[PDB]
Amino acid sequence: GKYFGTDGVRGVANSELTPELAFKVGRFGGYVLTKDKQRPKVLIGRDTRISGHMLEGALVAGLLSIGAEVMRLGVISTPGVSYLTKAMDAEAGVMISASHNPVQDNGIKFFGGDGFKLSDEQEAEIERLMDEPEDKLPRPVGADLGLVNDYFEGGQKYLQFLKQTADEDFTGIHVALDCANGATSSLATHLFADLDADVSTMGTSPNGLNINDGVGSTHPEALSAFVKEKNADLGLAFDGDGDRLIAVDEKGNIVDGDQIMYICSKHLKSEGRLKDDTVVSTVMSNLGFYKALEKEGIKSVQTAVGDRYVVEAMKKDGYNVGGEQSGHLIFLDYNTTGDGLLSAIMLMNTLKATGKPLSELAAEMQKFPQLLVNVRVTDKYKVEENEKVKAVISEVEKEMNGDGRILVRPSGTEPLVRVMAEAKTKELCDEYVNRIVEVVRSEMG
């Protein structure tokens, strides 16, 4: 009915995301991808979550009961699953994980031959079957049955590829890594050490219970302190599945996905590699990202939140680069989903080639301050129109005239409305927001 959301199937493993269901998934989904040849070739990959194994076995059982030849990969980032499912011309690819969420949660994700999430048509049918109450799909027996050749060497192919996209070894750089105790634990540390960089690690020590546990892109303050401690040049914080990246500069400060997009797209434009010198990004990006983009003559396209949209955009118009503030950047020259380590290597290429420190590079793009004030109200949904509100906003919008931005939306969870303001400084934020907030409390209370 509705198993496949944004990020595939998710639940708390065993309770909601039962192995029964991870069976039905691989069984039916392997049927759907079976329409080509009698013997599809799914490959499957997972992070360090303890539920990993339980799901991987039930999923592979499903796949094998409908003839699919199956290639376990072991622990590997979602990037590497997509890269390999393309490079090995495999009918599909699967990733058991639930990036950056806590360990108890997990999820199944699918990739097609091309390295892209499955067509909404396909997922459609997978769900069609998963609600019939008769498993009338074929049951091959004897020699028709699925086959299963492990391929734990997959990892070092996706390593072998990342290693070629580094414009020279990184000698002379001290990098700290925090790998969320996840799929990137063993991949990253081999990579940057095989690229001749002084690596200092942390969060690289998974036990299947510690993924994303005060480490990783979502919790970068540990890494913030570790950089200063080990006095490194920068810190990289991947998340659970190796699909995001948040950096940290020698000064200890955080370097979100807008600043990484800025930094990298700018370097890329200096090699002629930025395609039509444009960059896709989402609403969520910070006004000062668009400002410093103009300043470097890089144009931009905005899309709605979520990388199905940011990738929908780069596809048609053939764009080279696109990203989110989350740290989720796509370099389509190289791979078809967000790739933490790719991001990180592009960032290091920048650093090496410019001899600047990460603080300097990220200072070109100046973030605008934000401000949120939430006011409790009687009837939060009647703010869509108002004889005052609706007006106030518009005036302040024009008063700002490109140097600012306002956003007022009612909450779901509660009975209050959220006023929010980008401005060039903290005191303009304060002025503007207070204005709107006043004409709201006039109505409600």
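From 1 onward, residues are counted along the sequence shown.
346-354 versus 309-317 - greater average Cα B-factor per the deposited record:
Mean CA B-factor is higher for 309-317.
Mean CA B-factor: is it higher for 45-53 or for 393-401?
That would be 393-401.
Which is it among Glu123, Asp256, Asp333, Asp105: the one with the largest CA B-factor in the entry?
So the option with the highest C-alpha B-factor is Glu123.
If I read the C-alpha B-factors straight from the PDB entry, which of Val32, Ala61, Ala68, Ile406 is highest?
Highest C-alpha B-factor among the listed residues goes to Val32.
Pull the Cα B-factor of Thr278 out of the PDB entry and bin it into the chain's lowest, middle or highest third.
For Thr278, whose C-alpha B-factor we compare with every modelled residue in the chain, the answer is the middle third.
How does the C-alpha B factor of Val215 compare with the rest of the chain: lowest, middle or highest third?
As the PDB entry reports it, the C-alpha B-factor of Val215 lands in the middle third of its chain.
Would the CA B-factor of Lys136 place it in the lowest, middle or highest third of its chain?
As the PDB entry reports it, the C-alpha B-factor of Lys136 lands in the highest third of its chain.
Please place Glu431 in the lowest, middle or highest third of its chain by C-alpha B factor as given in the entry.
As the PDB entry reports it, the C-alpha B-factor of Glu431 lands in the middle third of its chain.
Taking the values exactly as deposited, rank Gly142 by C-alpha B-factor within its chain and report the matching third: lowest, middle or highest.
Highest third, going by the recorded CA B-factors of the chain.
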